Amino acid sequence: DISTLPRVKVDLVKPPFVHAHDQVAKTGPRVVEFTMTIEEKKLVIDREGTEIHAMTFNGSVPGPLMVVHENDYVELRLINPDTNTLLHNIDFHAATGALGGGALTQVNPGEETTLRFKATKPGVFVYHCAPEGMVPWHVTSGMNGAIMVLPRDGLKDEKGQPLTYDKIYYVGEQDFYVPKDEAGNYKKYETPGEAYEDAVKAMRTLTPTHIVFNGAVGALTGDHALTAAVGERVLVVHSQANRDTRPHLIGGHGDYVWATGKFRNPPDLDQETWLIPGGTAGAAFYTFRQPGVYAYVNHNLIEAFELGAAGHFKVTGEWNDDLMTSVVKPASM
Amino acid sequence: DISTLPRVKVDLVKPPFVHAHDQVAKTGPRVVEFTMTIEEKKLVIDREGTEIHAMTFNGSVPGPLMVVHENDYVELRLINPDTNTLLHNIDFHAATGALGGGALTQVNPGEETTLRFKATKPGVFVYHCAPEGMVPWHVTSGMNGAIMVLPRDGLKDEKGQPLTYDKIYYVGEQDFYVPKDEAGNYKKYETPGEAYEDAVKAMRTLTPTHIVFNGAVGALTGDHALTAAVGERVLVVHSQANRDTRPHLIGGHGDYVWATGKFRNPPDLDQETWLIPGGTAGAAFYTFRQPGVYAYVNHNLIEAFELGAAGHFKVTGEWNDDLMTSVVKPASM
Amino acid sequence: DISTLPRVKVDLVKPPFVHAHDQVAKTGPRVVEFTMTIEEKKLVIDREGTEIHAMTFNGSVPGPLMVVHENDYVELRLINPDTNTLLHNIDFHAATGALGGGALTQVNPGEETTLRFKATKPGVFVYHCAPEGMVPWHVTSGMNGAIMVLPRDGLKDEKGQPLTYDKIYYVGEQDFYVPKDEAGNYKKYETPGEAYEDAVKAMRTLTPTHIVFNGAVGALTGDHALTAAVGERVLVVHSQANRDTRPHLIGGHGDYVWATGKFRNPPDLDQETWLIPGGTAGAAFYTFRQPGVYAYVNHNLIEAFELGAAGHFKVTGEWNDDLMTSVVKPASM
Ligand SMILES: O=N[O-]
Ligand SMILES: O=N[O-]
Ligand SMILES: O=N[O-]
Ligand SMILES: [Cu+2]
Ligand SMILES: [Cu+2]
Ligand SMILES: [Cu+2]
Ligand SMILES: [Cu+2]
Ligand SMILES: [Cu+2]
Ligand SMILES: [Cu+2]
């Protein structure tokens, strides 16, 4: 009787931050209550000022990271305000049945719905909007996030020993397909219906115009760089709802990686780069050993440095000259 | 002395169905005899009526799934009737030597050949035509299938316990490269030789025009949807002879997945999505827990919903409201 | 005190060959000294005579394979002669800190530098140039190689038993983006600065014009085919610094594969094809069982046979008719 279970309300935070949670479950199974409000909004996604009509969960690209434990129940109140124009829904890859919930959550502007599902499998998973007949358009407009279902006894390494992170970040990577004219300039549109065919044409090229973290070129840089201290253990959850990516921490590694995101599997050790398939969330655990600036990228380096799939860590602490040193600094022959 | 071994003749069936076999070998090693007849034929591959000159094994795209046990011998009689126009052959990724058999099986129209190889490694494997100098053209014309080499004691989970499927399906995923004119319309051709350069140009874009299951958009839908019952254990073998794919069961999971298809490895558990590299077969085992319609896709959702890489399951049985329920159906604020 | 450790100077060799080393470390930890000289040079990369301005480490595409043991120190003297025109550096994915060394190794023409780092993680790893603001341009001009960090007790299988190779080869796979005019012909350029915008435009298509092994179409064929004998154990290290690849030995397998290249993980067994993500090195171990010509490809077969990603083995020895035989050679119905 689910009515006999504790309810806990989560208050979500904007990526790349993650709402408060316990790695090791401090209670029995719970109904974990989430509310998200769909927001269609204009977003500037690059340095040139290219502006798209984004389709978001809770105002952000990606949508926020939801965190529960295995065999909790996720109960999501999904709100589509009458300020929006389109029908939306939600598919949880973590859930079982009804297209991940998409068949049960169709909300027109001015409607809401509440979905409950049992989180029976531990892992990080994509969630995304998926309205029948317009699925890739919603997804590639930004309407996707992730949910982490932690094992009730937290994470474990390949030998069954605990892995405990000190910090977690959620990197949502988004492929956009901004329609171009024959000369190669981006087109803009009066209404979503006038945009639709050109959106479909642009998607069918299979060539993103932009690939970004946290919704825009440079979003995880400067005053919004990710941070860590030397010696800190950091989990980076990374999702891509529509296209493969190959994350890499420039100057570091994935000490333990679940490339396809499912924690009943032993992690891959010592990864330089790992493949997260489109439609998947993955997670990488790293203990920082050196201070300084790191870049965290999709290691198709064109996708990283030309199309936007690059963020930064700023890491504080002492430099270890045993691990790396400039023996002879650049100088002239 | 191979002549002292039992011979068993297999009678193949059209994908996505799979010929009768035993998971656990009920005999010792056998010479397992297959016959396939090459058929060049016109195929309509989309809803618009786009018609290509397909190159098939046994009349289908994909070619049929062949099933043997580890250390059986596969003996294939490959027939190229004089109604065909081209030279063909066959490369088995399951086989060792002579380019997988391709160097020994070159048949002109009006010829046949018989190849035997020992299936020394368990797994699902691609087979495909591969004539020297025209390899991708044959493959991306549909001339590929798969062979499953089961361990003699059937499949096992990550702990060494048996996994037994109740039903198996074979999903062959095909990238086609239909040549386009400058305006973007598909071109058609009088002869394969007149088609060849434009086929090569279209392939060199690396952008498929179509990505389909079982040879056509919507082939595994409607009256040809895949079926299952709640509680049934289903293995879905999935091949892609030329390009990566990322299968996903919408509303389900891969409970146990061999993403790169080789059963001596422990399966990955609880996958949302998995990457099958181009040139590979993979296999996913799932026990259905909910009735209703599922979609089975390549989770590049553009590839799925715009280019064709989507099929359906229809699943019969009782709905489990513990696992998922609509708490409050969509309604107006 | 690193000054108390043995120093050993390595003399590199041109890919696909690999400098002399011991699988099992015959000494304690060492400072292993390497020198590489950057060479910008023209290279003809295809049969048509297409000539690019390559950016190399030590004159080759890929750069040479460097081999050390876990917890050795790599000390690289990197020389940028004043005959070059550009700034370069080096990022080792094997290293920890300072963007893999890239932040500490910026050398203008006429400068050199010496970097030392501790090789704390065993595996094969990419190294590549990565100058801030021009990273993909350098990488996709050929300026990448790999380093193998062997476990001090050599390689092990999935059960912890030794795997010892008799021969090793290094296959560097390079995606080039030669700018094209509207008609589709390659453009050429007076200076790297005049080339830059068109290089960036060509990269942003995400469609390589060429994908080659060892720097050119057909480089690992003919008198430069890879060789082996029946019964020989061969490790093929394969890198791709910028784009996914899916290696396949036509007629063989990867008996043991580290697809993402890190030897603390058990290898995947019996692979037909494996995915090496862009920004990764992987390694496949195979014992040849049949003589003859093999092709070793990226199993996107368009990428292999049309764009260049194909090499050959010539294997000497006896043919095993148990493993494969032509029962009835091609002949007429
Ligand atoms: O190591 N990242 O380019
Ligand atoms: O969950 N498939 O979109
Ligand atoms: O088996 N390679 O096409
Ligand atoms: Cu939506
Ligand atoms: Cu999905
Ligand atoms: Cu053929
Ligand atoms: Cu093949
Ligand atoms: Cu450089
Ligand atoms: Cu890198």
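In listed order, ligands and their atoms are each counted from 1. Order of the sequence lines fixes the chain letters, A, B, ..., with proteins taken first and strands second; residue numbering starts at 1 for each chain.
Judged by distance alone, with hydrogens and angles left aside, the side-chain atoms of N214(C) form a donor-acceptor pair with the main-chain N or O of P15(C) at under 3.5 Å. Looking only at distances, no side-chain donor or acceptor of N300(B) sits under 3.5 Å from a matching main-chain atom of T245(B).
Ring planes of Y286(B) and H253(B): tilted class, angle from 30 to 60°. In this pair, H93(C) and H299(A) present their aromatic rings perpendicular. The plane angle is above 60°, beyond the 30 to 60° band. Relative ring orientation between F176(C) and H210(C) is described as perpendicular, the plane-to-plane angle rising above 60° on a 0-90° scale split at 30° and 60°.
The existence of a salt bridge linking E51(C) and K41(C) is excluded, since no basic side-chain nitrogen approaches an acidic carboxylate oxygen closer than 4.0 Å.
Taking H238(A) as the reference, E173(A), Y296(A) meet the side chain to side chain donor-acceptor pair (under 3.5 Å) condition, with sequence neighbours excluded.
The N, O or S atom of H93(A) with the smallest distance to the Cu ion (ligand 5) is NE2.
Distances from the Cu ion (ligand 5) show that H248(B) has no N/O/S atom below 2.8 Å.
Of all protein atoms, those that are N, O or S and lie under 2.8 Å from the Cu ion (ligand 8) total 4.
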